[PDB]
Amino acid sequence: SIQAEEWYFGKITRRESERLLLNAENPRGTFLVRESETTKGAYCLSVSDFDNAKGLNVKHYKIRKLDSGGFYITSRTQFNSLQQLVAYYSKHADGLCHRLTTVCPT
């Protein structure tokens, strides 16, 4: 159950995800997963970042889910569940702006 997950914010808008993530107290990698605004069946991983060029900012990554079963951001790297995907990206930055660190505070 992905809805049981504390990092799953469900049906919130992209603007709302940015409002929650653009809090000065959020370190790099603060994140949440929400439904995509327009892609049916896809989730969206919203992640905070920070650098001297952009300062505090937010990145969004589409998470696909196949009827065939797998969840992924890139088709080359798939998982059996959204939870496993989140766990993998909490250890590997790979192509993301930062590895996932802590769940976005309400």
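Residue indices: 1-based, along the sequence shown. Heads up, when I say rigid core I mean the largest set of C-alphas that superpose within 1.5 Å between the two forms.
A.B. asks: With the rigid core held as the alignment frame, decide whether 77-85 or 48-56 lies farther from the shown form in 7 other deposited structures of this protein, in terms of RMS C-alpha distance.
C.D. replies: The answer is 48-56, which departs more from the shown form in 7 other deposited structures of this protein.
A.B. asks: Quick check on the record: does 39-47 or 72-80 carry the larger mean Cα temperature factor?
C.D. replies: That would be 39-47.
A.B. asks: From the list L20, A24, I12, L85, select the residue with the highest C-alpha B factor recorded in the entry.
C.D. replies: Reading the PDB entry, the winner on C-alpha B-factor is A24.
A.B. asks: Per the entry's Cα B factor values, which of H60, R34, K65, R28 stands out as the maximum?
C.D. replies: So the option with the highest C-alpha B-factor is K65.
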